[PDB]
Structure formats: structure tokens, C-alpha cells
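Heads up, the thing below is written out as C-alpha cells.
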Amino acid sequence: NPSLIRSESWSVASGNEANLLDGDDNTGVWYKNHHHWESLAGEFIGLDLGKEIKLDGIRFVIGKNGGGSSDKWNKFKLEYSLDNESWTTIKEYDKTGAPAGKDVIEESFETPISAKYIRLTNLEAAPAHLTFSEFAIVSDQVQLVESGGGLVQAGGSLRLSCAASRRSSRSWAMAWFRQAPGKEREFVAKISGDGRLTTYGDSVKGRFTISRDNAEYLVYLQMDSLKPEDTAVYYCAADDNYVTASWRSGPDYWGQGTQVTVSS
Ligand SMILES: CN(Cc1cnc2nc(N)nc(N)c2n1)c1ccc(C(=O)N[C@@H](CCC(=O)O)C(=O)O)cc1
Ligand SMILES: [Mg+2]
Ligand SMILES: [Mg+2]
């Protein structure tokens, strides 16, 4: 009956966290981050075992069924604790360049490790889009989602990132739009499938830049020189026609939206 522990900065984008304890490798959770476009060193997910136990091994399934955008940390460690303050490392991992999808992390401890907490902890900046499927111990319907957002001051910068739950063989234009409170949703930027064509709304051109990385399968919106009238919820969207990707009616998929607030 362990329970889940994880970084408080994360938000659930799909699934529910009971799926990480149900004994099923094919159910999981996709996390995002409304405060930052990267998952940074120190973020973690794992188990509070509820008491001390002599651990003989672990089986943690990271990633989750299918393809899609980058979904796993590149460098991270397995570490454990008795008091939830002092951690000891068991193993470090470098999975840089791994394709999307499940990775079953199965470890056996020749001599038992006494712990009440055990977790995977990020070592290096990675996209803030992470999926996990299962956390266990041993003891004797494409969806787009945006990360990044929050409060920044005028003259400051913020970057947004959008990931997808599946990969397509087709070429999709991607676009950002935004809606300020009780104003019509408005086009912000679009980019063609191969990245070579971009266009911007009049009021952001020369301050915002759209770009994409088709290997990570991410689309970005770099927002520089921020102004109070950039305050809005920002949505990423996908359209199989670059011409209509700037129209409200064009896109076939829309993200969940992320609040951006620019104060004076
Ligand atoms: C819009 N798109 C998401 C998508 C596409 N290009 C991207 N490109 C970048 N750089 N970043 C993204 N977030 C991104 N997202 C889609 C659209 C359709 C299907 C989809 O229908 N996939 C089928 C296969 C059919 C197909 O290949 O279209 C499946 O079973 O996964 C997947 C992703
Ligand atoms: Mg599961
Ligand atoms: Mg279409």
C-alpha cells in the first residue's frame, strides 16, 4: 500500500495518478508544468512506502505505451531515504536519445536496502513533458499539451512548449493562439510542417518566435519583450493545412491552454 510522491510543480495532463499503482504497465499519467517549459535537476517521482521496509528490488515503468513527443528524462538517479530529507543514490542512468515509449526499470539489490521512500530524481534539464506507467517494489485521440506559463514582469521573457501524445506520419502545421478574458481568441504565430515558413500576428511580430523540433516532437513559443497586453491563456494547435492554421476554424487539434500573466 505505498503511496505516490512527486514534485509539487507538476500538473496532470492526462490519466490519473492511481494509474501508477494499479499493477498495469499499460495505464499511466502524462505530466506537464504550468510554471516552466523544462523539467529541471531535482524534480522527482517515486513512492512513500508508508513504513520502513527491507527492499529487495524495484520495478518502475517510465514512459508509457505508444509513440509521441519526448516523454522521459535523459539523466536521472534512483535514490532512497528513511526521513524524506537525506537521500542516498543507488544508481544513475543516462538514457539520452531514447525513443518515446515505455522503459521498464527493473533493479535487484543483492543485499536489502532499508528505506521508507524511494524515487527517481532528474539530473539534467529536459522537456517538461513526462509520462510514467507504474511504480512497484519487491520485498520478501491525439492530445496536445502545453508547458511553460505563469507570471513574468514587463520586459521579461517566457518560453512555452507543446508536446503530443502520438506521432503522425503526416506533416502538420502548428500554431499558437491566445485568449484574453472575454476577448475573441486570436492568432499569435504559425509554422509549416518542416519549419521553413512562419507568420505572426501583427501585435507580436518581432517579439515572439515560433519554432519546432520534430525529433523531440515539440513546438515552442519564445515570448520576449513581454507587455501587459500579452496577458492571456495561450493555446497550441495543429492543422494539416498551413494556410488555415491562423484561422479559428482551421486547426483539427487544440491544446489544453496555459495562463500567461504579465505584470507592470
Ligand atoms: C497533430 N499531431 C500532433 C503533432 C504533430 N506534429 C508535431 N510536430 C512537432 N514538432 N511538435 C508537436 N507537438 C507535434 N504534434 C498528430 C496528429 C495526428 C496523429 C495521429 O492520427 N496518429 C496516428 C497514426 C496516423 C498518422 O500517422 O497520422 C496514431 O495511431 O498515432 C498524431 C499526431
Ligand atoms: Mg499503471
Ligand atoms: Mg484539417
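Going left to right, the sequence shown walks through residues 1 to 140, 175 to 298 as the authors' numbering numbers them.
Just so it is clear, CB atoms sit at the ideal spot from N, CA and C, and this is done for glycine as well.
Per DSSP, reduced to three states, the secondary structure at residue 176 is coil, with no helix or strand assignment. Checking the DSSP bridge columns, you'll see residue 62 partnered with 103, 132. The C-alpha of residue 221 lies about 11 Å from the C-alpha of residue 239.
With respect to the C-alpha of residue 246, the residue from 282, 294, 266, 127 having the closest C-alpha is 127. For residue 253 and residue 54, the gap between their C-alpha atoms comes out near 44 Å.
Residue 11 sits in a strand when the DSSP states are folded into three classes. Looking at 276, 31, 284, 43, the one whose alpha-carbon comes closest to that of residue 132 is 31. Counting the other CB atoms within 10 Å of its CB gives residue 272 a total of 16 or more, which places it among the buried residues. Look at residue 263 here: in three-state DSSP terms it is helix.
Residue 51 counts as exposed, since fewer than 16 other beta carbons sit within 10 angstroms of its beta carbon.
Between residue 122 and residue 76, the gap from beta carbon to beta carbon is short of 8 Å. By the criterion of a C-beta distance shorter than 8 Å, residue 88 is surrounded in its chain by 79, 80, 81, once the five residues flanking it on both sides are discounted.
Taking every residue with its beta carbon within less than 5 Å of a heavy atom belonging to ligand 3 gives, in chain order, 274, 286. The C-alpha of residue 20 lies about 44 Å from the C-alpha of residue 237. For residue 255, the enclosing beta strand (DSSP E) has its first and last residue at 252-257. A heavy atom of ligand 1 is found nearer than 7 Å to the CB of residue 248.
Linking residue 12 to residue 129 through their CA atoms gives a straight-line distance of about 10 Å. Around ligand 2, the residues selected by a Cβ distance under 5 Å to any of its heavy atoms are 19, 22, 24, 27, 133, 134, following chain order. Annotation: the continuous beta strand (DSSP E) that includes residue 293 extends over 292-297.
Shortest Cα-Cα distance from residue 102 to any of 69, 109, 125 involves 69.
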